[PDB]
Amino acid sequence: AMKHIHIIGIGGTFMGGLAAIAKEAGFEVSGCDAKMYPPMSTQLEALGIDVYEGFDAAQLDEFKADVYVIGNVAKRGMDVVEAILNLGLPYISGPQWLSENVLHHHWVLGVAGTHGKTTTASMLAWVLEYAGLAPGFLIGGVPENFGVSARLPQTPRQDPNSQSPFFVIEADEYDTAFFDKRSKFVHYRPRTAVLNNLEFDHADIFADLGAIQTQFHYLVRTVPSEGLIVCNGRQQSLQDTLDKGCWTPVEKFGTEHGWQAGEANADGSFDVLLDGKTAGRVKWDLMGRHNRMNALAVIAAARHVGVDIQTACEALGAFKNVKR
């Protein structure tokens, strides 16, 4: 008999993805949040997932759940949180729940960094899908190439009789929950880790990069030595992070000796360089040095799971930006 989870703070792109995946993995899913509105509310409704309005402790009798999965938004003060702790009811964070029930089975490709995460994860998920690797993912927005923001791994083109091991996740650096101050990404145990960039600490704009770099260093501590770190080579803040300790091969991007994007064209195509040698060419309709940097990360990452550079470049040719 499959379990009933009930999410405190079901709203937002993250727990919405976590609920979809949970439902798809055969759990029974219910939750609460502040009143929500289309598209997220009807979408959740369309999955057979009842949604309580508010944080009234009464919902515990109506939703006699097996475990309470707690979102970012939950805090001491809320009646349902207080009732959970008082009654000694089982509770667990979103990230930890996802990792225990889903990610720990999988080859996880995590995309961390302070900026460009959603796009880069979208580009990674697409490359893998284009390459026949049917990835699972959980991303902070509906990528234009798929219908949906979260799914389990599907059937690879070249082994119908089994499930893909690959799962792409946007790896948030924000707190896990009110009772787990560490970054979300600390739970995912990614085997392919993209460190997109490290720009500033959202929680204190006047702060030293120190505390955020530590969180990042804790991510690096969970990556196998047979894994790979795909790191932005143009930022002292990531190099300082790596300098604290690293046990895994690193590929830099945006550098002469690592992966580099060539000069862009009239049509917006550009050469992908590895250690200074031409390896491929991306002809897509995205513009911006930052998108070119993203593509570099995605290519290196995809290679690690066995995607040819050539196949990666054709994939990005069909990548679409999200439409307003």
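The numbering used is simple: start at 1 and walk along the sequence shown.
Asks: Higher mean Cα B-factor in the deposited model: 159 to 167 or 175 to 183?
Replies: Result: 159 to 167.
Asks: Compare the mean C-alpha B-factor of 213 to 221 with that of 69 to 77 as given in the PDB entry, and name the stretch with the higher value.
Replies: Mean C-alpha B-factor is greater for 69 to 77.
Asks: Compare the C-alpha B factor of residue 15 with those of the other modelled residues in its chain, then answer lowest, middle or highest third.
Replies: Middle third of the chain for residue 15's C-alpha B-factor.
Asks: Once the chain's modelled residues are ordered by C-alpha B factor and cut into thirds, is residue 244 in the lowest, middle or highest one?
Replies: As the PDB entry reports it, the C-alpha B-factor of residue 244 lands in the middle third of its chain.
Asks: Please say which third, lowest, middle or highest, residue 63 falls into when its CA temperature factor is compared across its chain.
Replies: It belongs to the highest third of the chain when residues are ordered by C-alpha B-factor.
Asks: Would you check the entry's CA temperature factor for residue 270 and let me know if it's in the chain's lowest, middle or highest third?
Replies: Within its chain, residue 270 is a highest-third residue by C-alpha B-factor, going by the deposited values.
Asks: Considering every modelled residue of the chain and its Cα B-factor in the PDB entry, is residue 25 in the lowest, middle or highest third?
Replies: According to the entry, residue 25 has a C-alpha B-factor in the chain's lowest third.
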